[PDB]
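Visitor: Pasting a structure here, questions to come.
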Amino acid sequence: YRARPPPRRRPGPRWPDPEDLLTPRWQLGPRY
Amino acid sequence: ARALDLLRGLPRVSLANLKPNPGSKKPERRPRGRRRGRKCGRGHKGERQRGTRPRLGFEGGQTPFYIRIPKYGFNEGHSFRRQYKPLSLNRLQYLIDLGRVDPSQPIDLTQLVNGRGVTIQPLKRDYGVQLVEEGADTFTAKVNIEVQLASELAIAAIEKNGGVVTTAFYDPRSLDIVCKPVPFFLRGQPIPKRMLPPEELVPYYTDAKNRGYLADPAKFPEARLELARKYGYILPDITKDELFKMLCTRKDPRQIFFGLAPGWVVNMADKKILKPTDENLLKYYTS
Amino acid sequence: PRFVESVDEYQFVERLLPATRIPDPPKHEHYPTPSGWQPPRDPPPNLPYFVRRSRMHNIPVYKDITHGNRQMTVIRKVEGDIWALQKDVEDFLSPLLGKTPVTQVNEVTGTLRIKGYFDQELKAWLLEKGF
Amino acid sequence: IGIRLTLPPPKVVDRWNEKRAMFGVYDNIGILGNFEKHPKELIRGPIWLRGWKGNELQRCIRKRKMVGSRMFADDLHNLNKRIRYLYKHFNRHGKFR
Amino acid sequence: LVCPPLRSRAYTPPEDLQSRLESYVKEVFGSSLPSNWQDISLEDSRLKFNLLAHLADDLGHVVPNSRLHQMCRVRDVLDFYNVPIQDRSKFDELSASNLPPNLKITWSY
Amino acid sequence: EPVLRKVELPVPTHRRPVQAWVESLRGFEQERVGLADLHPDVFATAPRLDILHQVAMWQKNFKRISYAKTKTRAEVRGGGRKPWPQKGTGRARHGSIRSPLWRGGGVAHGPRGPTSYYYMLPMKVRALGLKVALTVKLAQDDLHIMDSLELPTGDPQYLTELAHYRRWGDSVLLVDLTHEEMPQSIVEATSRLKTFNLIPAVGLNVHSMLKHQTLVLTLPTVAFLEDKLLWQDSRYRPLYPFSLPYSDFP
Ligand SMILES: [Mg+2]
Ligand SMILES: [Mg+2]
Ligand SMILES: [Mg+2]
Ligand SMILES: [Mg+2]
Ligand SMILES: [Mg+2]
Ligand SMILES: [Mg+2]
Ligand SMILES: [Mg+2]
Ligand SMILES: [Mg+2]
C-alpha cells in the first residue's frame, strides 16, 4: 500500500477568519 | 563481531522473540488471594485502613513540630534576593581547549550560552554569572570575557595573561533575550534597550576596581597597577599586540550587541534588517 | 510609519547564532593540554577491546551514589572483549586495596561497576594506555 | 451457569489490512524529517488531551478549564462533584501521611 | 515476463575449486605480483565486487549480506566456500538417516 | 555497470565499515549490482532487545487513548432517597440505590473517561532504537538495498515471484526518500496488494520493519537516515526544540 501523505505544517502563514468566534482573539491581535 | 555472528545463525527476531531486560519491569502485586487479600496491608482496625487518618505532621492534638518552632528571617524576599550562577576559569580554560568558543573573537554571555558552558534560567531570577577564583593556576586564555560579577583573583589572573574583564548589567527581560535571542527574532519586534542597574547595585557597577562599565577608563590603569602591585605579577601593556582593538571592543549602555542596537528589527526568512527612520522613534531608542 | 532596510549587518547575526555539532578541538602544539585534557592516541593500540571517548571527547568514566552508601564508579561503553579490560583494572586496583576487586560487568551494555571512587586513577590509566 | 454450551463463531483475524499494515508509521517524523513537526500533534483524539498525561484529577481539571464552557450542564455538574470527591480523597484518604 | 526455475539453496563444493578461484584471482590482479596470495586484501569495493560477482554466477552460491563485510581477505572466502551447505526439510533428512525399524515419523501436509 | 557508494561521514579508526550488496528491479535475474559500505556504529550496534521492547511498544502505547467509562453511583440516575428506616425492618442497612452492591449500580473502581497513556522516550533512546533495528536486519540478512524502485512491467504477479525467487520473505517494506518521487509503476503495484507495503523515509519506524519479515532501502535513503542518526550520535546539547532554525542545521 502507498502510505498516507506525510503530515506537514501549513505552508505560509495561518490567517484565521476575524468574524469567527471559535477562533481565539490572540490570533487577531497584532502580536500574532 | 562475536555478537553479530550469533544472530545470523540464530532465528529472525519478531514480536514473539521479544523480551525486556530482566529486572526492569517488576510484576504488579494486587491484593487478591490468601496472602494479601485478607487485609491488603492496611492494618487490623483503625484510621490506617478506614482512611480517616489526620494530615501529615499531626501529633494527635499535641502541637506539631512545625508550629512550636518560632519564625525567623531565613528566606524572606527570596523571590527578590540577589542570585548569580557560578563560572570557574578552570572551565573557561577547558572550553577554549575544546574549541567551542573561539578566543580570537570577544567572548560574551551569548557566545557562552551558545557554547552551552552553563545553563541560565532568567525567569528563576539570575541576572547573569560570576567569575570564581577556583582555577587561578593553568590559565592562559587571553580572552575579552564579558561577565556580570567578578572576583579579584579572576581579574588579576585574566589581566596577567593579557585578557580583559568587564561587568555589564542586564534586566530580566533584557537578559533572557541576550541568552537566547533567536525566538524574539521569530517575533519581529525591535530588540529592547538595556537599563541602568537597580537602586542598590549602582555603586558596584560605577566602581573602577570591579571593572564597572559606568566607571571611567582613566581609572582602570590605576586598578590594574594596584592588582599587579598586589599579587606580584608583571603588568603586560596590551597596546602592543595586533588585536588590541578586539580586546577593547565594548558595548555602551542601552545596547545589547556590538553590531545591533535598540530599535533595529531583524528578519531571517528573506533576511532583512530594518530601521524606524522616524525622529520620535529613533531619538528614544538612543535614550 | 517608515522603514529602511540594510543587509550588511547580517554577519553579526551569524556570529551570534549557535552551532549544532561539537567542533573537533584545535590541534594544540603542546600536550598534555591544560585542565587535564588529552585526546586519544592515533592509530589506536591493537587490542581485544577499545574504549571510545564521549561527545565532548572525554573519558567515559563516571561516578554514582545509591542507597546513600553504594559509593561506586562506572564505565559505560566497553567495546570488544570486556573480560580482558575488567581483568586489567582488577590487577591494577588489586595492590591499592590489598584484595582482588569483586566488581560487576555487563557485556550487553558493555559497562563496568566498581566499588569506590577511582575515576582519577582510571582516567590516568586509560590516558597513558591511549584510549 | 456462566459458560456457554456451544462454541462461539471463529473470529477471523485479518493481520494485514490498512490499519495494521500502516501501523506505527510517521511516529519518527521529528527524528528524520528535519523536525518540521512533533509526533504529538499526529494523534487523533479529544482536545483536552493531545500529547499529555494525567490522572483522574489532572484530566478533569484540564477538561473543565479548556472545554468546560462547551460541556453540558449535567456533565459539568457531575464533573465538579467528581473532582470534589477526588480532591478530598487523594488529600485525606489513603496511606503515606 | 517469464520466471525460470528457482535455484536450490543447497550447494556442495566441487573438487579443485582452489585452482578455479586462483586462476581468476590471477585474471583480476594482469598477474599476482606478490607471493603468498592468500593474505591479499580487498579494501577496494571494485576488486571485492568483481571477485565475489564472478564466484557467485560461476559456482551458484551467493555470500549473504551478513558475511561479505567479514570476508576481508581471500582465505576467509576460501573457508566460506570449502564448507558445504544443505537444504532439505527435517522430515527429509530424518527419513534419509538410518532410522531403526521401530521408529517412524510422518508428515501430515 | 557497478554502482558504489563510499561513506561521506567520518568513521572511527578502530571500526571499519561493513559492505552490503545492491540490487534493482529493472530486470528479474539482476542481483548483486553495486556495493555500499556502511557506518559500523549504526549498523553494528549490540542486539539490545530491551531497547526494541521499549521503543516498539512505546509507539504501540502513546498513540493509544482509551474511551471506556463507567457511571459512578452519583452519575447513575436516581438513588437520592433512602428506600427504607434504619431499625424499622429486618432488611440490611442501604443508604440509597445505585451503590456498587445494587443491581445496575455504578462501579466503585472502574474505567474513568478517555485516559491517556502518552509518554515520550528520550530522543537518543528512540534514535538508538532505530540504529539497532536495521542493524539486526543486517546480521540476519533481512534487509536489501537497491538503486531505485522502477520496473517496466509493474504488476503484483511480477513483484511476488521476484520476492520468493530471491527468497526475501512473506512480508516486505519499501522505502523512499520523499512522497513525490515514487514511480507510478511500483506504487500502483503496492496499492493493489497488501504485504509488500510502501512507506517514505520519514515514516520509517522499527515496528513496521520488525512486523514485516524483510526491508528495502534506496541509496538516497541510506544516506538520509545515516546523516540523521549519526547527527544524533554527534549531536549538540539541545537548549530548545529543533523546529527553530540553526546555523548549520536547517
Ligand atoms: Mg485499634
Ligand atoms: Mg474488621
Ligand atoms: Mg475524621
Ligand atoms: Mg545514578
Ligand atoms: Mg445522586
Ligand atoms: Mg436527599
Ligand atoms: Mg448516606
Ligand atoms: Mg450501569
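We label chains A, B, ... in the order they appear in the C-alpha cells, count residues from 1 in each chain, and number ligands from 1 in the order shown.
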Determine, counting only C-alpha atoms, which protein, DNA and RNA residues have an atom within 10 Å of an atom of segment 199-203 of chain F; residues of the same chain fewer than 3 positions away are not included. Present the result as a ChimeraX atom specification.
Guide: /A:1-7 /D:22,24-34 /F:173-182,208,217-218,220-222,224-225
Visitor: Limited to N, CA, C and O atoms, could you put the picked residues into a file as a CSV table (one decimal), in the first residue's frame?
Guide:
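Result file follows (result03.csv):
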chain,number,residue,atom,x,y,z
A,1,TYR,N,0.8,-1.2,0.0
A,1,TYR,CA,0.0,0.0,0.0
A,1,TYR,C,0.9,1.3,0.0
A,1,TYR,O,1.9,1.3,0.6
A,2,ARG,N,0.4,2.3,-0.7
A,2,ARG,CA,1.0,3.6,-0.6
A,2,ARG,C,0.7,4.2,0.7
A,2,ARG,O,-0.5,4.3,1.1
A,3,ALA,N,1.7,4.7,1.5
A,3,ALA,CA,1.5,5.3,2.7
A,3,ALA,C,0.7,6.6,2.6
A,3,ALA,O,0.8,7.3,1.5
A,4,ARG,N,0.0,7.0,3.6
A,4,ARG,CA,-0.7,8.3,3.6
A,4,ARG,C,0.3,9.4,3.5
A,4,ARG,O,1.5,9.2,3.8
A,5,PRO,N,0.0,10.6,2.9
A,5,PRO,CA,1.0,11.6,2.7
A,5,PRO,C,1.5,12.1,4.1
A,5,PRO,O,0.8,12.1,5.1
A,6,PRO,N,2.8,12.6,4.1
A,6,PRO,CA,3.4,12.9,5.4
A,6,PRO,C,2.7,14.1,6.0
A,6,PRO,O,2.4,15.1,5.2
A,7,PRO,N,2.5,14.2,7.3
A,7,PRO,CA,2.0,15.4,7.9
A,7,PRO,C,3.0,16.5,7.8
A,7,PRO,O,4.1,16.4,8.3
D,22,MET,N,-0.1,-0.2,7.9
D,22,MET,CA,0.4,1.2,8.1
D,22,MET,C,0.4,1.6,9.6
D,22,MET,O,0.4,2.8,9.9
D,24,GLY,N,2.1,2.3,13.1
D,24,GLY,CA,3.4,2.7,13.6
D,24,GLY,C,4.1,3.7,12.6
D,24,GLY,O,5.3,4.0,12.9
D,25,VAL,N,3.5,4.0,11.5
D,25,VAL,CA,4.2,4.9,10.5
D,25,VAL,C,4.1,6.3,10.9
D,25,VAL,O,3.1,6.7,11.6
D,26,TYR,N,5.1,7.1,10.6
D,26,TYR,CA,5.1,8.6,10.8
D,26,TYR,C,5.1,8.9,12.3
D,26,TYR,O,4.6,9.9,12.8
D,27,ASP,N,5.7,8.0,13.1
D,27,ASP,CA,6.0,8.3,14.5
D,27,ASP,C,7.3,9.0,14.7
D,27,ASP,O,7.5,9.8,15.7
D,28,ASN,N,8.3,8.8,13.8
D,28,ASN,CA,9.6,9.4,13.9
D,28,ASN,C,9.7,10.6,12.9
D,28,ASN,O,10.8,10.8,12.4
D,29,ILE,N,8.6,11.4,12.7
D,29,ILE,CA,8.7,12.5,11.8
D,29,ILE,C,9.7,13.6,12.3
D,29,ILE,O,10.3,14.3,11.5
D,30,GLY,N,9.9,13.6,13.6
D,30,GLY,CA,10.9,14.6,14.1
D,30,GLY,C,12.3,14.1,14.0
D,30,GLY,O,13.2,15.0,13.8
D,31,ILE,N,12.5,12.8,14.1
D,31,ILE,CA,13.9,12.3,14.2
D,31,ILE,C,14.6,12.4,12.8
D,31,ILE,O,15.8,12.7,12.7
D,32,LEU,N,13.9,12.0,11.7
D,32,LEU,CA,14.4,12.1,10.4
D,32,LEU,C,13.5,12.7,9.4
D,32,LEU,O,13.2,12.2,8.3
D,33,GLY,N,12.9,13.8,9.8
D,33,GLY,CA,12.0,14.7,9.0
D,33,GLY,C,12.4,16.1,9.2
D,33,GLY,O,11.5,17.0,9.1
D,34,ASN,N,13.7,16.4,9.5
D,34,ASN,CA,14.2,17.7,9.8
D,34,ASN,C,13.3,18.5,10.8
D,34,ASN,O,13.3,19.7,10.8
F,173,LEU,N,8.9,-4.4,3.3
F,173,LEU,CA,8.7,-3.0,3.3
F,173,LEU,C,9.4,-2.4,2.1
F,173,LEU,O,10.5,-2.9,1.7
F,174,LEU,N,8.9,-1.2,1.6
F,174,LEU,CA,9.6,-0.4,0.6
F,174,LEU,C,9.8,1.0,1.1
F,174,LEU,O,8.8,1.6,1.6
F,175,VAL,N,11.0,1.5,0.9
F,175,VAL,CA,11.4,2.8,1.5
F,175,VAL,C,11.8,3.7,0.4
F,175,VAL,O,12.4,3.3,-0.6
F,176,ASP,N,11.4,5.0,0.5
F,176,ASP,CA,11.8,6.1,-0.4
F,176,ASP,C,12.0,7.3,0.4
F,176,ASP,O,11.6,7.4,1.5
F,177,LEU,N,12.7,8.3,-0.3
F,177,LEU,CA,13.1,9.5,0.5
F,177,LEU,C,11.9,10.4,0.7
F,177,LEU,O,11.6,10.7,1.9
F,178,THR,N,11.3,10.9,-0.3
F,178,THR,CA,10.2,11.8,-0.2
F,178,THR,C,8.9,11.1,-0.7
F,178,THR,O,8.9,9.9,-1.1
F,179,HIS,N,7.8,11.8,-0.6
F,179,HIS,CA,6.5,11.3,-1.0
F,179,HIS,C,6.2,11.5,-2.5
F,179,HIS,O,5.2,10.9,-3.0
F,180,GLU,N,7.0,12.3,-3.2
F,180,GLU,CA,6.6,12.7,-4.6
F,180,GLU,C,7.4,11.9,-5.6
F,180,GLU,O,6.8,11.7,-6.7
F,181,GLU,N,8.6,11.4,-5.4
F,181,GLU,CA,9.4,10.8,-6.4
F,181,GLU,C,9.2,9.3,-6.6
F,181,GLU,O,10.0,8.7,-7.3
F,182,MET,N,8.2,8.7,-6.0
F,182,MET,CA,7.9,7.3,-6.2
F,182,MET,C,7.4,7.1,-7.6
F,182,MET,O,6.5,7.9,-8.0
F,208,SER,N,7.2,-1.5,12.0
F,208,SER,CA,6.8,-1.9,10.7
F,208,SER,C,7.9,-2.9,10.1
F,208,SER,O,7.5,-4.0,9.6
F,217,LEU,N,15.7,-0.6,1.0
F,217,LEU,CA,16.1,0.8,1.0
F,217,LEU,C,16.5,1.2,-0.4
F,217,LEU,O,16.7,0.4,-1.3
F,218,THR,N,16.7,2.5,-0.6
F,218,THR,CA,17.3,3.1,-1.7
F,218,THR,C,18.6,3.9,-1.3
F,218,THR,O,18.7,4.3,-0.1
F,220,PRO,N,19.8,6.9,-2.0
F,220,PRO,CA,19.5,8.2,-1.4
F,220,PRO,C,18.9,8.1,0.0
F,220,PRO,O,19.2,9.0,0.8
F,221,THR,N,18.1,7.1,0.3
F,221,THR,CA,17.5,7.0,1.6
F,221,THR,C,18.5,6.5,2.6
F,221,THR,O,18.5,6.9,3.8
F,222,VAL,N,19.5,5.6,2.2
F,222,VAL,CA,20.5,5.1,3.1
F,222,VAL,C,21.4,6.3,3.6
F,222,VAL,O,21.7,6.4,4.8
F,224,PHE,N,20.3,9.3,3.8
F,224,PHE,CA,19.5,10.2,4.5
F,224,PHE,C,19.4,9.9,6.0
F,224,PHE,O,19.8,10.7,6.8
F,225,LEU,N,19.0,8.7,6.4
F,225,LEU,CA,18.8,8.4,7.8
F,225,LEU,C,20.2,8.2,8.4
F,225,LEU,O,20.3,8.4,9.6
Visitor: Let me have all residues with an atom within 9 Å of ligand 5, counting only C-alpha atoms and all ligand atoms, laid out as a PyMOL selection string.
Guide: chain F and resi 73-81+96+98
Visitor: Write the residues you've just listed into a file as an mmCIF file, in the first residue's frame, and include N, CA and C atoms for each of them.
Guide:
data_model
loop_
_atom_site.group_PDB
_atom_site.id
_atom_site.type_symbol
_atom_site.label_atom_id
_atom_site.label_comp_id
_atom_site.auth_asym_id
_atom_site.auth_seq_id
_atom_site.Cartn_x
_atom_site.Cartn_y
_atom_site.Cartn_z
ATOM 1 N N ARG F 73 -21.960 5.831 41.307
ATOM 2 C CA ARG F 73 -23.249 5.859 41.997
ATOM 3 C C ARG F 73 -23.857 7.258 41.997
ATOM 4 N N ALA F 74 -23.018 8.293 41.912
ATOM 5 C CA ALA F 74 -23.528 9.649 41.753
ATOM 6 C C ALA F 74 -24.028 9.890 40.333
ATOM 7 N N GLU F 75 -23.399 9.250 39.343
ATOM 8 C CA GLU F 75 -23.729 9.524 37.947
ATOM 9 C C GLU F 75 -24.930 8.716 37.472
ATOM 10 N N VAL F 76 -25.113 7.499 37.992
ATOM 11 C CA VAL F 76 -26.285 6.712 37.627
ATOM 12 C C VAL F 76 -27.531 7.425 38.133
ATOM 13 N N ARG F 77 -28.591 7.388 37.331
ATOM 14 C CA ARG F 77 -29.809 8.115 37.657
ATOM 15 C C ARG F 77 -30.449 7.556 38.922
ATOM 16 N N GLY F 78 -31.006 8.453 39.731
ATOM 17 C CA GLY F 78 -31.716 8.050 40.926
ATOM 18 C C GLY F 78 -30.787 7.814 42.104
ATOM 19 N N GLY F 79 -31.312 7.091 43.088
ATOM 20 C CA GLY F 79 -30.544 6.784 44.283
ATOM 21 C C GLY F 79 -30.342 7.975 45.191
ATOM 22 N N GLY F 80 -31.330 8.865 45.261
ATOM 23 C CA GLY F 80 -31.250 10.036 46.113
ATOM 24 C C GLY F 80 -31.864 9.806 47.478
ATOM 25 N N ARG F 81 -33.011 9.133 47.510
ATOM 26 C CA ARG F 81 -33.705 8.867 48.758
ATOM 27 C C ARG F 81 -33.076 7.678 49.481
ATOM 28 N N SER F 96 -29.133 4.210 49.843
ATOM 29 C CA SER F 96 -29.854 4.535 48.616
ATOM 30 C C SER F 96 -29.667 3.374 47.645
ATOM 31 N N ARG F 98 -28.352 2.322 43.548
ATOM 32 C CA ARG F 98 -27.282 2.618 42.582
ATOM 33 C C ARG F 98 -25.900 2.531 43.222
#
Visitor: Quick one: DSSP strand (DSSP E) residues in segment 19-83 of chain C, as a ChimeraX atom specification?
Guide: /C:49-51,61-66,70-75,78-80
Visitor: With N, CA and C atoms retained, could you export that selection as a PDB file, in the first residue's frame?
Guide:
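part-v3.pdb, written as the output of this step:
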ATOM      1  N   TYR C  49      39.968  -5.157  22.731  1.00  0.00           N
ATOM      2  CA  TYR C  49      38.895  -4.240  23.098  1.00  0.00           C
ATOM      3  C   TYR C  49      39.321  -2.824  22.726  1.00  0.00           C
ATOM      4  N   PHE C  50      38.466  -1.857  23.051  1.00  0.00           N
ATOM      5  CA  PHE C  50      38.774  -0.442  22.893  1.00  0.00           C
ATOM      6  C   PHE C  50      37.706   0.368  23.610  1.00  0.00           C
ATOM      7  N   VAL C  51      38.119   1.510  24.156  1.00  0.00           N
ATOM      8  CA  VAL C  51      37.231   2.443  24.841  1.00  0.00           C
ATOM      9  C   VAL C  51      37.220   3.747  24.057  1.00  0.00           C
ATOM     10  N   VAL C  61      34.250   7.515  32.008  1.00  0.00           N
ATOM     11  CA  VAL C  61      34.280   7.037  33.388  1.00  0.00           C
ATOM     12  C   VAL C  61      33.453   7.993  34.232  1.00  0.00           C
ATOM     13  N   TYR C  62      32.553   7.438  35.042  1.00  0.00           N
ATOM     14  CA  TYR C  62      31.609   8.239  35.809  1.00  0.00           C
ATOM     15  C   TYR C  62      31.455   7.639  37.198  1.00  0.00           C
ATOM     16  N   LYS C  63      30.938   8.457  38.108  1.00  0.00           N
ATOM     17  CA  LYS C  63      30.665   8.070  39.483  1.00  0.00           C
ATOM     18  C   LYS C  63      29.163   7.906  39.676  1.00  0.00           C
ATOM     19  N   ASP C  64      28.788   7.419  40.856  1.00  0.00           N
ATOM     20  CA  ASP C  64      27.384   7.191  41.163  1.00  0.00           C
ATOM     21  C   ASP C  64      27.241   6.895  42.647  1.00  0.00           C
ATOM     22  N   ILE C  65      26.152   7.389  43.235  1.00  0.00           N
ATOM     23  CA  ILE C  65      25.794   7.113  44.621  1.00  0.00           C
ATOM     24  C   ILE C  65      24.409   6.483  44.636  1.00  0.00           C
ATOM     25  N   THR C  66      24.240   5.449  45.457  1.00  0.00           N
ATOM     26  CA  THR C  66      22.968   4.757  45.584  1.00  0.00           C
ATOM     27  C   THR C  66      22.824   4.253  47.012  1.00  0.00           C
ATOM     28  N   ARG C  70      26.192   3.091  48.629  1.00  0.00           N
ATOM     29  CA  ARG C  70      26.839   2.464  47.476  1.00  0.00           C
ATOM     30  C   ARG C  70      27.689   3.522  46.792  1.00  0.00           C
ATOM     31  N   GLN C  71      28.986   3.502  47.075  1.00  0.00           N
ATOM     32  CA  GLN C  71      29.929   4.532  46.652  1.00  0.00           C
ATOM     33  C   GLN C  71      30.827   3.898  45.594  1.00  0.00           C
ATOM     34  N   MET C  72      30.379   3.959  44.339  1.00  0.00           N
ATOM     35  CA  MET C  72      30.958   3.204  43.236  1.00  0.00           C
ATOM     36  C   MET C  72      31.386   4.146  42.117  1.00  0.00           C
ATOM     37  N   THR C  73      32.013   3.559  41.098  1.00  0.00           N
ATOM     38  CA  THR C  73      32.358   4.243  39.860  1.00  0.00           C
ATOM     39  C   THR C  73      32.111   3.289  38.701  1.00  0.00           C
ATOM     40  N   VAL C  74      31.684   3.839  37.561  1.00  0.00           N
ATOM     41  CA  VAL C  74      31.231   3.047  36.425  1.00  0.00           C
ATOM     42  C   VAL C  74      31.972   3.468  35.163  1.00  0.00           C
ATOM     43  N   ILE C  75      31.998   2.550  34.200  1.00  0.00           N
ATOM     44  CA  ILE C  75      32.412   2.819  32.829  1.00  0.00           C
ATOM     45  C   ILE C  75      31.289   2.331  31.928  1.00  0.00           C
ATOM     46  N   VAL C  78      32.361  -0.082  27.007  1.00  0.00           N
ATOM     47  CA  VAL C  78      33.384  -1.058  26.650  1.00  0.00           C
ATOM     48  C   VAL C  78      32.984  -1.757  25.360  1.00  0.00           C
ATOM     49  N   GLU C  79      33.895  -1.759  24.388  1.00  0.00           N
ATOM     50  CA  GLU C  79      33.691  -2.391  23.091  1.00  0.00           C
ATOM     51  C   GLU C  79      34.697  -3.519  22.922  1.00  0.00           C
ATOM     52  N   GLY C  80      34.214  -4.676  22.493  1.00  0.00           N
ATOM     53  CA  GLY C  80      35.069  -5.829  22.261  1.00  0.00           C
ATOM     54  C   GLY C  80      35.041  -6.789  23.441  1.00  0.00           C
TER      55      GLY C  80
END
Visitor: Applying 12 Å and only C-alpha atoms, which residues near residue 22 of chain A remain after dropping the ones on its own chain fewer than 6 positions away? List them as a list in words.
Guide: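 Final neighbour list, sorted by chain and number: residues 16 and 28 of chain A; 67, 69 and 70 of chain D.
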Visitor: Just asking: which residues within chain E are alpha helix (DSSP H) according to DSSP, as a ChimeraX atom specification?
Guide: /E:17-28,45-59,74-82,90-96
Visitor: Please identify all polymer residues within 6 Å of segment 11-24 of chain F, counting only C-alpha atoms, omitting same-chain residues fewer than 4 positions from it, and present them as a list in words.
Guide: residues 65 and 69 of chain E; 31, 32, 33, 34, 35, 36, 37, 38, 39, 40, 145, 146 and 147 of chain F
Visitor: Restricting the calculation to only C-alpha atoms, which member of F:3, F:162, F:121, F:206 is positioned closest to chain D?
Guide: F:206
